[PDB]
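Enquirer: Sharing entry.pdb, PDB, N, CA and C atoms:
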ATOM      1  N   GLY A1001     -10.891 133.282-165.354
ATOM      2  CA  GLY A1001     -10.570 134.523-164.585
ATOM      3  C   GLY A1001     -11.247 135.739-165.196
ATOM      4  N   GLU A1002     -10.733 136.189-166.337
ATOM      5  CA  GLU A1002      -9.735 135.448-167.084
ATOM      6  C   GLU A1002      -8.401 136.135-166.872
ATOM      7  N   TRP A1003      -7.322 135.395-167.020
ATOM      8  CA  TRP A1003      -5.973 135.956-166.835
ATOM      9  C   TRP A1003      -5.591 136.773-168.035
ATOM     10  N   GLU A1004      -5.062 137.943-167.813
ATOM     11  CA  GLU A1004      -4.360 138.619-168.831
ATOM     12  C   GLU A1004      -2.963 138.863-168.315
ATOM     13  N   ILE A1005      -2.169 139.501-169.155
ATOM     14  CA  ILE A1005      -0.785 139.694-168.874
ATOM     15  C   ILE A1005      -0.473 141.185-168.844
ATOM     16  N   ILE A1006       0.203 141.599-167.801
ATOM     17  CA  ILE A1006       0.657 142.930-167.706
ATOM     18  C   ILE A1006       2.150 142.940-168.005
ATOM     19  N   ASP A1007       2.651 143.828-168.531
ATOM     20  CA  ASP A1007       4.088 143.935-168.558
ATOM     21  C   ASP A1007       4.653 144.251-167.136
ATOM     22  N   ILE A1008       5.973 144.203-167.021
ATOM     23  CA  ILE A1008       6.703 144.482-165.834
ATOM     24  C   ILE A1008       7.111 145.943-165.744
ATOM     25  N   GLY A1009       7.370 146.391-164.538
ATOM     26  CA  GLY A1009       7.748 147.761-164.283
ATOM     27  C   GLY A1009       7.644 147.977-162.809
ATOM     28  N   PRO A1010       7.499 149.233-162.377
ATOM     29  CA  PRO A1010       7.544 149.492-160.936
ATOM     30  C   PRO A1010       6.432 148.800-160.144
ATOM     31  N   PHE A1011       5.286 148.651-160.790
ATOM     32  CA  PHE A1011       4.164 148.003-160.200
ATOM     33  C   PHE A1011       4.542 146.553-159.844
ATOM     34  N   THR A1012       5.158 145.818-160.806
ATOM     35  CA  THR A1012       5.514 144.401-160.583
ATOM     36  C   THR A1012       6.632 144.238-159.622
ATOM     37  N   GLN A1013       7.580 145.150-159.680
ATOM     38  CA  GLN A1013       8.721 145.089-158.783
ATOM     39  C   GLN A1013       8.222 145.238-157.336
ATOM     40  N   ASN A1014       7.291 146.207-157.138
ATOM     41  CA  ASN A1014       6.620 146.473-155.817
ATOM     42  C   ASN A1014       5.907 145.198-155.300
ATOM     43  N   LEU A1015       5.191 144.487-156.180
ATOM     44  CA  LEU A1015       4.533 143.227-155.830
ATOM     45  C   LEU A1015       5.513 142.176-155.441
ATOM     46  N   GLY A1016       6.605 142.083-156.165
ATOM     47  CA  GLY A1016       7.635 141.094-155.880
ATOM     48  C   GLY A1016       8.328 141.313-154.530
ATOM     49  N   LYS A1017       8.623 142.560-154.206
ATOM     50  CA  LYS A1017       9.194 142.899-152.911
ATOM     51  C   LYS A1017       8.222 142.568-151.792
ATOM     52  N   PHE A1018       6.946 142.836-152.002
ATOM     53  CA  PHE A1018       5.903 142.437-151.067
ATOM     54  C   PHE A1018       5.897 140.934-150.839
ATOM     55  N   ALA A1019       5.920 140.183-151.931
ATOM     56  CA  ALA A1019       5.881 138.724-151.834
ATOM     57  C   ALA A1019       7.086 138.185-151.047
ATOM     58  N   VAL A1020       8.271 138.695-151.312
ATOM     59  CA  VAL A1020       9.466 138.251-150.599
ATOM     60  C   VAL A1020       9.371 138.610-149.143
ATOM     61  N   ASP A1021       8.971 139.836-148.844
ATOM     62  CA  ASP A1021       8.853 140.204-147.431
ATOM     63  C   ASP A1021       7.889 139.281-146.728
ATOM     64  N   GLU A1022       6.747 139.054-147.329
ATOM     65  CA  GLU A1022       5.754 138.231-146.689
ATOM     66  C   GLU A1022       6.246 136.709-146.544
ATOM     67  N   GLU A1023       6.929 136.146-147.533
ATOM     68  CA  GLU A1023       7.421 134.797-147.413
ATOM     69  C   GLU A1023       8.534 134.734-146.388
ATOM     70  N   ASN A1024       9.375 135.769-146.288
ATOM     71  CA  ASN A1024      10.385 135.760-145.274
ATOM     72  C   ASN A1024       9.737 135.642-143.880
ATOM     73  N   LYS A1025       8.626 136.329-143.646
ATOM     74  CA  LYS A1025       8.050 136.257-142.312
ATOM     75  C   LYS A1025       7.465 134.882-141.972
ATOM     76  N   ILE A1026       7.079 134.085-142.995
ATOM     77  CA  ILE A1026       6.606 132.652-142.838
ATOM     78  C   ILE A1026       7.745 131.716-142.453
ATOM     79  N   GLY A1027       8.898 131.906-143.083
ATOM     80  CA  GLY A1027      10.132 131.187-142.716
ATOM     81  C   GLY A1027      10.509 129.939-143.543
ATOM     82  N   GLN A1028       9.586 129.391-144.315
ATOM     83  CA  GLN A1028       9.786 128.043-144.851
ATOM     84  C   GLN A1028      10.889 127.978-145.926
ATOM     85  N   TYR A1029      11.305 129.151-146.471
ATOM     86  CA  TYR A1029      12.394 129.245-147.496
ATOM     87  C   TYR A1029      13.636 129.946-146.954
ATOM     88  N   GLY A1030      13.667 130.114-145.623
ATOM     89  CA  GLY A1030      14.636 130.937-144.992
ATOM     90  C   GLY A1030      14.536 132.386-145.402
ATOM     91  N   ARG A1031      15.578 133.168-145.108
ATOM     92  CA  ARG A1031      15.557 134.612-145.516
ATOM     93  C   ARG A1031      15.971 134.728-147.002
ATOM     94  N   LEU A1032      15.116 135.305-147.777
ATOM     95  CA  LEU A1032      15.311 135.513-149.166
ATOM     96  C   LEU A1032      15.588 136.991-149.439
ATOM     97  N   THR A1033      16.392 137.270-150.473
ATOM     98  CA  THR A1033      16.738 138.633-150.876
ATOM     99  C   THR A1033      16.104 138.908-152.236
ATOM    100  N   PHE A1034      15.220 139.875-152.318
ATOM    101  CA  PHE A1034      14.575 140.179-153.595
ATOM    102  C   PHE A1034      15.589 140.550-154.677
ATOM    103  N   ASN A1035      15.411 139.995-155.869
ATOM    104  CA  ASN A1035      16.232 140.382-157.011
ATOM    105  C   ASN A1035      15.425 141.081-158.107
ATOM    106  N   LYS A1036      14.369 140.461-158.632
ATOM    107  CA  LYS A1036      13.720 140.942-159.842
ATOM    108  C   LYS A1036      12.447 140.153-160.101
ATOM    109  N   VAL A1037      11.423 140.855-160.629
ATOM    110  CA  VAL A1037      10.251 140.175-161.188
ATOM    111  C   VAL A1037      10.363 140.211-162.731
ATOM    112  N   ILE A1038      10.257 139.048-163.344
ATOM    113  CA  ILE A1038      10.381 138.887-164.786
ATOM    114  C   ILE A1038       9.021 138.660-165.433
ATOM    115  N   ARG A1039       8.981 138.820-166.745
ATOM    116  CA  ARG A1039       7.848 138.410-167.524
ATOM    117  C   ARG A1039       7.794 136.897-167.579
ATOM    118  N   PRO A1040       6.599 136.328-167.667
ATOM    119  CA  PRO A1040       5.295 136.952-167.699
ATOM    120  C   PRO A1040       4.706 137.229-166.333
ATOM    121  N   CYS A1041       4.121 138.411-166.156
ATOM    122  CA  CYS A1041       3.221 138.683-165.059
ATOM    123  C   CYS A1041       1.820 138.671-165.658
ATOM    124  N   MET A1042       0.886 138.230-164.888
ATOM    125  CA  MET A1042      -0.495 138.248-165.355
ATOM    126  C   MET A1042      -1.368 138.589-164.145
ATOM    127  N   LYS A1043      -2.583 138.954-164.460
ATOM    128  CA  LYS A1043      -3.558 139.585-163.602
ATOM    129  C   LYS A1043      -4.943 139.028-163.946
ATOM    130  N   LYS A1044      -5.771 138.831-162.945
ATOM    131  CA  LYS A1044      -7.169 138.519-163.150
ATOM    132  C   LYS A1044      -8.018 139.225-162.130
ATOM    133  N   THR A1045      -9.273 139.420-162.497
ATOM    134  CA  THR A1045     -10.244 140.024-161.624
ATOM    135  C   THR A1045     -10.864 138.988-160.681
ATOM    136  N   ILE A1046     -10.959 139.367-159.412
ATOM    137  CA  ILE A1046     -11.604 138.608-158.351
ATOM    138  C   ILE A1046     -12.977 139.246-158.142
ATOM    139  N   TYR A1047     -14.044 138.521-158.435
ATOM    140  CA  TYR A1047     -15.385 139.069-158.285
ATOM    141  C   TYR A1047     -15.886 138.759-156.887
ATOM    142  N   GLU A1048     -16.742 139.638-156.356
ATOM    143  CA  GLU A1048     -17.447 139.330-155.167
ATOM    144  C   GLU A1048     -18.366 138.145-155.403
ATOM    145  N   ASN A1049     -18.751 137.471-154.313
ATOM    146  CA  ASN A1049     -19.701 136.380-154.381
ATOM    147  C   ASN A1049     -21.127 136.771-154.019
ATOM    148  N   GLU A1050     -21.314 137.993-153.565
ATOM    149  CA  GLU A1050     -22.584 138.536-153.108
ATOM    150  C   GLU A1050     -22.421 139.994-152.794
ATOM    151  N   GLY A1051     -23.534 140.648-152.572
ATOM    152  CA  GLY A1051     -23.560 142.008-152.098
ATOM    153  C   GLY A1051     -23.623 143.029-153.201
ATOM    154  N   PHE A1052     -23.446 144.292-152.844
ATOM    155  CA  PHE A1052     -23.595 145.394-153.798
ATOM    156  C   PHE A1052     -22.404 145.748-154.612
ATOM    157  N   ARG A1053     -21.249 145.216-154.272
ATOM    158  CA  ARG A1053     -20.040 145.516-155.067
ATOM    159  C   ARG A1053     -19.732 144.364-155.995
ATOM    160  N   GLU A1054     -19.366 144.727-157.210
ATOM    161  CA  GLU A1054     -19.096 143.785-158.251
ATOM    162  C   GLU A1054     -17.737 143.119-158.074
ATOM    163  N   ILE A1055     -16.708 143.941-157.874
ATOM    164  CA  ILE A1055     -15.325 143.480-157.911
ATOM    165  C   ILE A1055     -14.699 143.505-156.513
ATOM    166  N   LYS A1056     -14.244 142.344-156.094
ATOM    167  CA  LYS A1056     -13.529 142.216-154.798
ATOM    168  C   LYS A1056     -12.141 142.749-154.874
ATOM    169  N   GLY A1057     -11.461 142.475-155.980
ATOM    170  CA  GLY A1057     -10.080 142.901-156.158
ATOM    171  C   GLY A1057      -9.474 142.205-157.352
ATOM    172  N   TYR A1058      -8.146 142.018-157.308
ATOM    173  CA  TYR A1058      -7.376 141.477-158.401
ATOM    174  C   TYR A1058      -6.423 140.455-157.827
ATOM    175  N   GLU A1059      -6.076 139.482-158.624
ATOM    176  CA  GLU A1059      -5.021 138.533-158.311
ATOM    177  C   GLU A1059      -3.923 138.701-159.327
ATOM    178  N   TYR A1060      -2.679 138.652-158.864
ATOM    179  CA  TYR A1060      -1.493 138.705-159.680
ATOM    180  C   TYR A1060      -0.680 137.459-159.498
ATOM    181  N   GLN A1061      -0.184 136.921-160.587
ATOM    182  CA  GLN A1061       0.723 135.814-160.471
ATOM    183  C   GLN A1061       2.054 136.232-161.124
ATOM    184  N   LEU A1062       3.097 136.082-160.330
ATOM    185  CA  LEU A1062       4.451 136.695-160.542
ATOM    186  C   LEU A1062       5.496 135.543-160.642
ATOM    187  N   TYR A1063       6.534 135.790-161.432
ATOM    188  CA  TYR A1063       7.785 135.018-161.365
ATOM    189  C   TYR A1063       8.855 135.947-160.807
ATOM    190  N   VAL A1064       9.307 135.655-159.588
ATOM    191  CA  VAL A1064      10.185 136.486-158.819
ATOM    192  C   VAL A1064      11.502 135.744-158.484
ATOM    193  N   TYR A1065      12.613 136.360-158.841
ATOM    194  CA  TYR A1065      13.885 135.910-158.376
ATOM    195  C   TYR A1065      14.129 136.495-156.987
ATOM    196  N   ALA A1066      14.530 135.617-156.088
ATOM    197  CA  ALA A1066      14.965 136.025-154.758
ATOM    198  C   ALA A1066      16.100 135.086-154.367
ATOM    199  N   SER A1067      17.178 135.648-153.839
ATOM    200  CA  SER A1067      18.391 134.878-153.551
ATOM    201  C   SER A1067      18.832 134.067-154.738
ATOM    202  N   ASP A1068      18.673 134.669-155.929
ATOM    203  CA  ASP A1068      19.105 134.085-157.188
ATOM    204  C   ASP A1068      18.432 132.745-157.509
ATOM    205  N   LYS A1069      17.210 132.577-157.003
ATOM    206  CA  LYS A1069      16.366 131.422-157.332
ATOM    207  C   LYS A1069      14.988 131.959-157.771
ATOM    208  N   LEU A1070      14.325 131.224-158.678
ATOM    209  CA  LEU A1070      13.068 131.692-159.280
ATOM    210  C   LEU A1070      11.889 131.064-158.561
ATOM    211  N   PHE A1071      10.964 131.906-158.120
ATOM    212  CA  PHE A1071       9.753 131.452-157.432
ATOM    213  C   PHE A1071       8.518 131.989-158.137
ATOM    214  N   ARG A1072       7.405 131.290-157.935
ATOM    215  CA  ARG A1072       6.109 131.784-158.402
ATOM    216  C   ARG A1072       5.264 132.199-157.235
ATOM    217  N   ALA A1073       4.687 133.378-157.312
ATOM    218  CA  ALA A1073       3.884 133.914-156.227
ATOM    219  C   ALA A1073       2.546 134.381-156.752
ATOM    220  N   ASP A1074       1.506 134.188-155.928
ATOM    221  CA  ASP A1074       0.146 134.690-156.161
ATOM    222  C   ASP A1074      -0.169 135.673-155.080
ATOM    223  N   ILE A1075      -0.616 136.869-155.478
ATOM    224  CA  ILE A1075      -0.957 137.934-154.547
ATOM    225  C   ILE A1075      -2.303 138.477-154.902
ATOM    226  N   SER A1076      -3.154 138.653-153.891
ATOM    227  CA  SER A1076      -4.400 139.355-154.121
ATOM    228  C   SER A1076      -4.283 140.799-153.632
ATOM    229  N   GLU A1077      -5.082 141.639-154.257
ATOM    230  CA  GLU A1077      -5.227 142.995-153.793
ATOM    231  C   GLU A1077      -6.683 143.306-153.721
ATOM    232  N   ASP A1078      -7.104 143.883-152.625
ATOM    233  CA  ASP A1078      -8.500 144.246-152.343
ATOM    234  C   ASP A1078      -8.864 145.541-153.025
ATOM    235  N   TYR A1079     -10.008 145.549-153.666
ATOM    236  CA  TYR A1079     -10.508 146.718-154.437
ATOM    237  C   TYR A1079     -10.690 147.882-153.393
ATOM    238  N   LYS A1080     -11.322 147.586-152.246
ATOM    239  CA  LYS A1080     -11.894 148.597-151.340
ATOM    240  C   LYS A1080     -10.722 149.184-150.528
ATOM    241  N   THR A1081      -9.774 148.315-150.145
ATOM    242  CA  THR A1081      -8.681 148.643-149.177
ATOM    243  C   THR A1081      -7.434 149.065-149.943
ATOM    244  N   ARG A1082      -7.302 148.698-151.202
ATOM    245  CA  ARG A1082      -5.975 148.386-151.714
ATOM    246  C   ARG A1082      -5.069 147.914-150.548
ATOM    247  N   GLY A1083      -5.455 146.783-149.978
ATOM    248  CA  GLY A1083      -4.611 145.823-149.183
ATOM    249  C   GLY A1083      -4.255 144.521-149.916
ATOM    250  N   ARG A1084      -3.029 144.039-149.686
ATOM    251  CA  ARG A1084      -2.428 142.889-150.390
ATOM    252  C   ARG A1084      -2.325 141.730-149.497
ATOM    253  N   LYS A1085      -2.463 140.525-150.074
ATOM    254  CA  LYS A1085      -2.248 139.245-149.395
ATOM    255  C   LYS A1085      -1.333 138.378-150.266
ATOM    256  N   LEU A1086      -0.355 137.709-149.656
ATOM    257  CA  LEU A1086       0.349 136.657-150.352
ATOM    258  C   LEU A1086      -0.443 135.394-150.242
ATOM    259  N   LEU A1087      -0.986 134.925-151.328
ATOM    260  CA  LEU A1087      -1.821 133.708-151.332
ATOM    261  C   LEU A1087      -0.996 132.437-151.426
ATOM    262  N   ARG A1088       0.025 132.513-152.238
ATOM    263  CA  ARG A1088       0.874 131.442-152.559
ATOM    264  C   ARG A1088       2.237 131.757-152.946
ATOM    265  N   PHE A1089       3.212 130.920-152.579
ATOM    266  CA  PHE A1089       4.596 131.165-152.909
ATOM    267  C   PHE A1089       5.271 129.802-153.019
ATOM    268  N   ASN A1090       5.832 129.488-154.180
ATOM    269  CA  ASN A1090       6.386 128.156-154.482
ATOM    270  C   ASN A1090       7.641 128.261-155.299
ATOM    271  N   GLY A1091       8.591 127.401-155.021
ATOM    272  CA  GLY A1091       9.656 127.197-155.941
ATOM    273  C   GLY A1091      10.826 126.502-155.347
ATOM    274  N   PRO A1092      11.933 126.399-156.091
ATOM    275  CA  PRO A1092      12.173 127.002-157.391
ATOM    276  C   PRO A1092      11.305 126.417-158.493
ATOM    277  N   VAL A1093      10.966 127.224-159.466
ATOM    278  CA  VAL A1093      10.244 126.792-160.646
ATOM    279  C   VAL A1093      10.999 127.170-161.848
ATOM    280  N   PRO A1094      10.725 126.421-162.914
ATOM    281  CA  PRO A1094      11.425 126.690-164.048
ATOM    282  C   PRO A1094      11.030 127.866-164.655
ATOM    283  N   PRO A1095      12.005 128.467-165.260
ATOM    284  CA  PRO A1095      11.689 129.630-165.940
ATOM    285  C   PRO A1095      10.657 129.546-166.970
ATOM    286  N   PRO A1096      10.097 130.718-167.262
ATOM    287  CA  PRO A1096       9.083 130.710-168.307
ATOM    288  C   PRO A1096       9.699 130.653-169.665
TER     289      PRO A1096
END
Starting from the file, lay out its structure as C-alpha coordinates.

Expert:
Amino acid sequence: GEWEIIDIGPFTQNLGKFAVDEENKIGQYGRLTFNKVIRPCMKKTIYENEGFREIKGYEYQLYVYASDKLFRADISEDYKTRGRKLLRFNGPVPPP
(Lines of atoms letter the chains of each structure in order from A and count residues from 1; the text may use other names and numbers.)
(Lines give C-alpha, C1' and ligand atoms only; values in the text may rest on other atoms or scores of the structure.)
Protein backbone atom coordinates (compact mmCIF):
# COMPACT_ATOMS: atom_id res chain seq x y z
CA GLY A 1 0.00 0.00 0.00
CA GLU A 2 1.51 0.63 2.26
CA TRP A 3 -0.90 0.62 5.20
CA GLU A 4 -0.30 2.89 8.06
CA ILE A 5 -2.38 3.45 11.11
CA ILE A 6 -4.26 6.52 12.07
CA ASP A 7 -5.60 6.98 15.47
CA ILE A 8 -9.35 7.34 16.06
CA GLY A 9 -11.30 10.54 16.49
CA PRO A 10 -13.95 12.51 14.65
CA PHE A 11 -12.53 11.56 11.29
CA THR A 12 -12.91 7.79 12.04
CA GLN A 13 -16.26 8.14 13.66
CA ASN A 14 -17.48 10.00 10.47
CA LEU A 15 -16.16 7.09 8.32
CA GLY A 16 -17.88 4.54 10.50
CA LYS A 17 -21.24 6.31 10.29
CA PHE A 18 -20.80 6.44 6.52
CA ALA A 19 -20.07 2.73 6.38
CA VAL A 20 -23.15 1.84 8.46
CA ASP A 21 -25.42 4.07 6.42
CA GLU A 22 -24.15 2.61 3.21
CA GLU A 23 -24.45 -1.07 4.44
CA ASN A 24 -27.94 -0.38 5.71
CA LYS A 25 -28.99 0.64 2.20
CA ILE A 26 -27.63 -2.76 0.80
CA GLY A 27 -29.75 -4.69 3.32
CA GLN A 28 -27.73 -7.89 3.81
CA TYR A 29 -27.14 -7.25 7.61
CA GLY A 30 -30.53 -5.72 8.21
CA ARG A 31 -30.74 -2.26 9.81
CA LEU A 32 -27.66 -1.58 11.88
CA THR A 33 -27.19 1.19 14.49
CA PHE A 34 -23.76 2.83 14.58
CA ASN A 35 -21.97 2.56 17.92
CA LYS A 36 -18.22 3.27 17.64
CA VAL A 37 -15.08 2.91 15.53
CA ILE A 38 -12.20 1.37 17.53
CA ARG A 39 -8.49 1.07 17.02
CA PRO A 40 -6.81 -0.03 14.86
CA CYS A 41 -7.79 2.15 11.94
CA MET A 42 -5.36 2.22 9.07
CA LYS A 43 -5.03 4.09 5.81
CA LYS A 44 -3.26 3.57 2.50
CA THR A 45 -2.74 5.59 -0.62
CA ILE A 46 -4.56 4.61 -3.82
CA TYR A 47 -2.42 5.59 -6.81
CA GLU A 48 -3.74 6.35 -10.23
CA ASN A 49 -2.99 3.81 -12.94
CA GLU A 50 -2.39 6.43 -15.66
CA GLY A 51 -2.73 10.06 -16.49
CA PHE A 52 -1.42 13.30 -15.01
CA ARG A 53 -2.47 12.83 -11.42
CA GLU A 54 -0.40 10.77 -9.08
CA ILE A 55 -2.87 9.97 -6.31
CA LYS A 56 -6.41 8.68 -6.87
CA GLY A 57 -7.34 8.78 -3.22
CA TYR A 58 -7.07 6.85 0.02
CA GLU A 59 -8.44 3.62 1.40
CA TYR A 60 -9.39 3.20 5.05
CA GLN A 61 -9.97 -0.02 6.83
CA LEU A 62 -12.12 0.32 9.99
CA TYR A 63 -13.35 -1.85 12.87
CA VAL A 64 -16.86 -0.56 13.54
CA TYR A 65 -19.37 -1.62 16.15
CA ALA A 66 -22.94 -1.41 14.93
CA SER A 67 -25.89 -2.94 16.79
CA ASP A 68 -23.33 -4.07 19.35
CA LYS A 69 -21.55 -6.33 16.84
CA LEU A 70 -18.05 -5.73 15.37
CA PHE A 71 -17.60 -5.38 11.62
CA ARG A 72 -14.69 -4.61 9.32
CA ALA A 73 -15.21 -2.05 6.60
CA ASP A 74 -13.10 -0.76 3.69
CA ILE A 75 -13.85 2.71 2.37
CA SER A 76 -12.22 4.63 -0.41
CA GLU A 77 -12.10 8.36 -0.70
CA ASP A 78 -11.40 10.15 -3.97
CA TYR A 79 -8.59 12.73 -3.98
CA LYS A 80 -10.34 14.99 -6.60
CA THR A 81 -13.97 14.74 -5.28
CA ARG A 82 -13.49 13.93 -1.68
CA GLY A 83 -16.27 11.38 -2.46
CA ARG A 84 -16.49 8.10 -0.46
CA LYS A 85 -17.31 4.54 -1.45
CA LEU A 86 -17.98 1.56 0.78
CA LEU A 87 -15.84 -1.12 -0.83
CA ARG A 88 -16.36 -3.82 1.68
CA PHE A 89 -18.25 -4.64 4.82
CA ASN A 90 -17.94 -7.97 6.70
CA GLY A 91 -18.64 -9.47 10.02
CA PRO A 92 -18.93 -10.11 12.84
CA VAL A 93 -15.16 -10.27 13.16
CA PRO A 94 -13.09 -10.77 16.07
CA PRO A 95 -11.78 -8.03 17.83
CA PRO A 96 -8.37 -6.77 17.29

Enquirer: Please write the residues picked by the PyMOL selection byres ((chain A and resi 1065) around 8) on this file as an mmCIF file with N, CA and C atoms, keeping the file's coordinate frame.

Expert:
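part_36.cif was written with the following content:
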data_model
loop_
_atom_site.group_PDB
_atom_site.id
_atom_site.type_symbol
_atom_site.label_atom_id
_atom_site.label_comp_id
_atom_site.auth_asym_id
_atom_site.auth_seq_id
_atom_site.Cartn_x
_atom_site.Cartn_y
_atom_site.Cartn_z
ATOM 1 N N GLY A 1016 6.605 142.083 -156.165
ATOM 2 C CA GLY A 1016 7.635 141.094 -155.880
ATOM 3 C C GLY A 1016 8.328 141.313 -154.530
ATOM 4 N N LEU A 1032 15.116 135.305 -147.777
ATOM 5 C CA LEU A 1032 15.311 135.513 -149.166
ATOM 6 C C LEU A 1032 15.588 136.991 -149.439
ATOM 7 N N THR A 1033 16.392 137.270 -150.473
ATOM 8 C CA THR A 1033 16.738 138.633 -150.876
ATOM 9 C C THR A 1033 16.104 138.908 -152.236
ATOM 10 N N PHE A 1034 15.220 139.875 -152.318
ATOM 11 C CA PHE A 1034 14.575 140.179 -153.595
ATOM 12 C C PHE A 1034 15.589 140.550 -154.677
ATOM 13 N N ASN A 1035 15.411 139.995 -155.869
ATOM 14 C CA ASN A 1035 16.232 140.382 -157.011
ATOM 15 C C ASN A 1035 15.425 141.081 -158.107
ATOM 16 N N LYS A 1036 14.369 140.461 -158.632
ATOM 17 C CA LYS A 1036 13.720 140.942 -159.842
ATOM 18 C C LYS A 1036 12.447 140.153 -160.101
ATOM 19 N N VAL A 1037 11.423 140.855 -160.629
ATOM 20 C CA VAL A 1037 10.251 140.175 -161.188
ATOM 21 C C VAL A 1037 10.363 140.211 -162.731
ATOM 22 N N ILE A 1038 10.257 139.048 -163.344
ATOM 23 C CA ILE A 1038 10.381 138.887 -164.786
ATOM 24 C C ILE A 1038 9.021 138.660 -165.433
ATOM 25 N N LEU A 1062 3.097 136.082 -160.330
ATOM 26 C CA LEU A 1062 4.451 136.695 -160.542
ATOM 27 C C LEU A 1062 5.496 135.543 -160.642
ATOM 28 N N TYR A 1063 6.534 135.790 -161.432
ATOM 29 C CA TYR A 1063 7.785 135.018 -161.365
ATOM 30 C C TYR A 1063 8.855 135.947 -160.807
ATOM 31 N N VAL A 1064 9.307 135.655 -159.588
ATOM 32 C CA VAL A 1064 10.185 136.486 -158.819
ATOM 33 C C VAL A 1064 11.502 135.744 -158.484
ATOM 34 N N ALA A 1066 14.530 135.617 -156.088
ATOM 35 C CA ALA A 1066 14.965 136.025 -154.758
ATOM 36 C C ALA A 1066 16.100 135.086 -154.367
ATOM 37 N N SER A 1067 17.178 135.648 -153.839
ATOM 38 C CA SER A 1067 18.391 134.878 -153.551
ATOM 39 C C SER A 1067 18.832 134.067 -154.738
ATOM 40 N N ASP A 1068 18.673 134.669 -155.929
ATOM 41 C CA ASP A 1068 19.105 134.085 -157.188
ATOM 42 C C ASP A 1068 18.432 132.745 -157.509
ATOM 43 N N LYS A 1069 17.210 132.577 -157.003
ATOM 44 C CA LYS A 1069 16.366 131.422 -157.332
ATOM 45 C C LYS A 1069 14.988 131.959 -157.771
ATOM 46 N N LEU A 1070 14.325 131.224 -158.678
ATOM 47 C CA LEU A 1070 13.068 131.692 -159.280
ATOM 48 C C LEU A 1070 11.889 131.064 -158.561
ATOM 49 N N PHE A 1071 10.964 131.906 -158.120
ATOM 50 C CA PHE A 1071 9.753 131.452 -157.432
ATOM 51 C C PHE A 1071 8.518 131.989 -158.137
ATOM 52 N N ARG A 1072 7.405 131.290 -157.935
ATOM 53 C CA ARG A 1072 6.109 131.784 -158.402
ATOM 54 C C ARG A 1072 5.264 132.199 -157.235
#

Enquirer: Hey, what comes out of the PyMOL selection byres ((chain A and resi 1005-1009) around 7) on this file? Could you write it as a PyMOL selection string?

Expert: chain A and resi 1003-1004+1010-1014+1037-1043

Enquirer: Determine, counting only C-alpha atoms, which protein, DNA and RNA residues have an atom within 10 Å of an atom of residue 1085 of chain A; residues of the same chain fewer than 2 positions away are not included. Present the result as an MDAnalysis selection string.

Expert: chainID A and resid 1018:1019 1022 1059 1074:1078 1083 1087:1088

Enquirer: Could you check how far atom C of residue 1031 of chain A sits from atom C of residue 1096 of chain A, in Å to one decimal?

Expert: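 Taking atom C of residue 1031 of chain A and atom C of residue 1096 of chain A, their separation equals 23.9 Å.
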
Enquirer: Carefully work through the PyMOL selection byres (((chain A and resi 1055 and name CA) around 8) and name CA) for this structure and note down the residues it includes, as a list in words.

Expert: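 For this structure, the PyMOL selection byres (((chain A and resi 1055 and name CA) around 8) and name CA) resolves to residues 1045, 1046, 1047, 1048, 1053, 1054, 1056, 1057 and 1079 of chain A.
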
Enquirer: Mind pulling up the distance from atom N of residue 1015 of chain A to atom C of residue 1082 of chain A?

Expert: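 Value for the atom C of residue 1082 of chain A-atom N of residue 1015 of chain A distance: 12.2 Å.
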
Enquirer: Starting from 3 Å padding per side, set up an axis-aligned box that covers all listed atoms of segment 1050-1054 of chain A and hand over centre and edge lengths in Å, one decimal, as AutoDock Vina command-line options.

Expert:
--center_x -20.7 --center_y 141.9 --center_z -155.2 --size_x 11.9 --size_y 13.8 --size_z 12.2

Enquirer: Please indicate the distance in Å from atom C of residue 1044 of chain A to atom N of residue 1001 of chain A, rounded to one decimal place.

Expert: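 So the answer is 7.3 Å.
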
Enquirer: Enumerate, as a PyMOL selection string, the complete set of residues in chain A that a backbone-based DSSP assignment places in strand (DSSP E).

Expert: chain A and resi 1004-1006+1034-1047+1055-1066+1069-1078+1084-1090

Enquirer: What residues in chain A get the DSSP label alpha helix (DSSP H)? Please answer as a list in words.

Expert: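 Going through chain A, the alpha helix (DSSP H) residues come out as residues 1010, 1011, 1012, 1013, 1014, 1015, 1016, 1017, 1018, 1019, 1020, 1021, 1022, 1023, 1024, 1025 and 1026 of chain A.
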